[PDB]
Structure formats: structure tokens, C-alpha cells
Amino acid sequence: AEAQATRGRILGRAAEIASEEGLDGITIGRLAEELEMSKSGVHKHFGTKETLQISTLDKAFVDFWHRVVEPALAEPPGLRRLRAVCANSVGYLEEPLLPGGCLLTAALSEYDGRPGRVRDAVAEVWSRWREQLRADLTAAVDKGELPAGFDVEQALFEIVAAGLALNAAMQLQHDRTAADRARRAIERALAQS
């Protein structure tokens, strides 16, 4: 079952490629060529390019979650966990796992005008991410760490916005100042949203 290793090789290379070229740059044939494999050998892991595209998206999300959310679980729900998650996500955006930055953020713009199975998977991922942030904001109000009338969705909007702007600045401008601005924007989100 060194298949599991081969699968990881495929998905790993696909995430790298897709982070700069887009998910639609991902075909069975492209990956066979990149890894000096037969198309047959790729096809036994992933039947269609859409399956490969979705599995690559999922893999990248798993790697992100392991770097960003899992380390934060050593903190209690609420502001403690939220601050940890946000510090980790900023870190991940300023030093991405993939050469083209955050694949989740890029897939968002690539697929929002592309109705179908891949876009539905992008929506699913973004939904889980937003919920992880929202749960800790909600917990923080519940625990009295934020005021009773605090607007959870406003703060969430602004926190996600900071991430999107950080990724754009890093990828387009190589602007390393954006991270400190994202950090400040996240604190400001917590102060009256």
C-alpha cells in the first residue's frame, strides 16, 4: 500500500501547480508528465480531473488546518483560541506551504463564476473555515470576553477580509508590511464589531 505515498505525491505536486496556475491547470495528463508516471497510474488514484481537482483542494485544506487550527486547540474556545488561530493564519499567509500562496483563496476567485462540482467543494471548504472563526467569536461573547451586543458577523467579515487582502498583497506585491496591517485589522475587528 505504497499507493498512499503515491497519492500524496500526486496531490502534493498538484497543489503546488494549482497555487500558481489555478485548479483548472490540473489534469491527469499534466500530473503524469510532472511525476514521470503513466496516465494509467494517475487514473487509478483519481478517475477524472474533477475528482483530482477536488482531492487537491481537500489536501491543501487538510495541510492548512493542521498548521493553523490544530495548534490553536491547545487554547480554550473564545478569544484565546481565536487569537491563536488568527496568528497562525497570518503566519501561513506570509510564509505559504505552496509557491502561489493560499490555494483556498485563489480557488475562491477561480470558481465563483464556474458553477459545478469544484465550486461546490470550494464553497464547502470556505464554509468550514468561516465556521471555525465564528464559533470562537460566539464562544467569546458567551463567556463574556466580548460585550453582550457584539456583532459576530461584522467581526467575521473583517477578519476574513484581512486574510484576503494579506494574500493579495503577498502574492501580487510581495508586500511584507501587509502582515502587520492584517494583525492590526484583526485586533480592530475584535474592538467593536
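Residue numbers here begin at 1 and follow the sequence given.
As listed in the deposited structure, the average C-alpha B-factor of 157-165 and of 43-51 is greater for 43-51.
When 20-28 is weighed against 177-185, 20-28 comes out higher, by mean CA B-factor as recorded in the entry.
Ranked within its chain, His66 lands in the highest third, by CA B factor from the PDB record. Ranked by Cα temperature factor within the chain, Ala84 sits in the lowest third according to the deposited record. Annotation for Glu94: CA B-factor lies in the middle third of the chain's modelled residues.
Ranked against the other modelled residues of its chain, the C-alpha B-factor of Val122 as given in the entry falls in the lowest third.
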